[PDB]
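Using the authors' numbering, you'd call the opening residue of the sequence shown number 624 and step up by one each time.
Scroll down for the structure; my scribbles are underneath it.
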Amino acid sequence: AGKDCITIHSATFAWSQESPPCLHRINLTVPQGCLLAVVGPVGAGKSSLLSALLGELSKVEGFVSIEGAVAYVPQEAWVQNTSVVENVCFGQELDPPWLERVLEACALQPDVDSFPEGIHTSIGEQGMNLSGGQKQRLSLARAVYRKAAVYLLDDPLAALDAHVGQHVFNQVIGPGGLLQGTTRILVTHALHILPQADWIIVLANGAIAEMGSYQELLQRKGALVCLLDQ
């Protein structure tokens, strides 16, 4: 097995110290360099699990340790009142060939050619209007550009069309992609990428119900199969 990257140890979380817990006693380590899929019904706590790893919830009990710099792609993206390149670099030092590769992998190179200023086109309030899919892919591109070691991905490709979502997942997130050496935690509502993940975590009511690979949880006729039938 690979080295321990994320360790979540007897960890219980809530929105406040006095609130009833929203995540119940997580006990989990993620190996370094893997793609972990987090699935479960609506309200099972998939999004709050990433927020808990961001340190945004109040930890009632337990301990969390994460090895390496962490990048986050929210479910609802938003872009700054600036140009395309300033949105991707976002303070990071500019490296043109790496920017081109990131834009390419995130299915943004056609969109950039169509813009008048190219990568220097203003977006946001004063800038040009973007679609929901373009903002979401610009959001993922910003996280990829940072070259973090851990990626928390709150179903960033959900609304995208079929072939563009395939382009982005295949080039960025999945096996062989730009993030292949990183530890990726991918919450996903759609379930066709599950055979490409290394491990699957199924959550129920803010707790872990099942963990295994795709074939493991499939031959097991349990929570993942029940959700696939749903």
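Even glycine gets a Cβ: it sits at the ideal position worked out from N, Cα and C.
The alpha-carbon separation between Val-696 and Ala-675 amounts to approximately 14 angstroms. For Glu-684, the enclosing beta strand (DSSP E) covers residues 681-689. Counting along the chain, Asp-852 sits inside the alpha helix (DSSP H) bounded by residues 846-852. About 7 angstroms separates the beta carbons of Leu-814 and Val-662, which is inside the 8 angstroms limit, making them a contact pair. Residues of the same chain with a CB within less than 6 angstroms of the CB of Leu-673, apart from the 5 flanking positions on each side, are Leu-775, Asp-777 in chain order. Put simply, the stretch 750-762 does not touch the stretch 682-693. Fewer than three CB pairs are less than 8 angstroms apart. In this structure, the alpha-carbon of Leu-651 lies about 45 angstroms from that of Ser-737. Relative to the Cα of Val-725, the nearest Cα in the group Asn-828, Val-653, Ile-796, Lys-844 belongs to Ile-796. Beyond the five residues adjoining it in sequence on each side, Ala-667 comes within less than 6 angstroms, by CB distance, of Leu-826, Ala-827 in the same chain, given in chain order. Between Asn-752 and the set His-786, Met-834, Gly-678, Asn-704, the nearest pair of CA atoms involves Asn-704. About 11 angstroms separates the beta carbon of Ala-764 from that of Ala-694, a gap too long to meet the 8 angstroms contact definition.
Take the alpha-carbon of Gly-799 and the one of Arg-648: they are about 34 angstroms apart. Within the same chain, and ignoring the five residues on either side of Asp-821 in sequence, the residues whose Cβ sits closer than 6 angstroms to its Cβ are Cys-657, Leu-658. Annotated three-state conformation of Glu-833 is strand, per DSSP.
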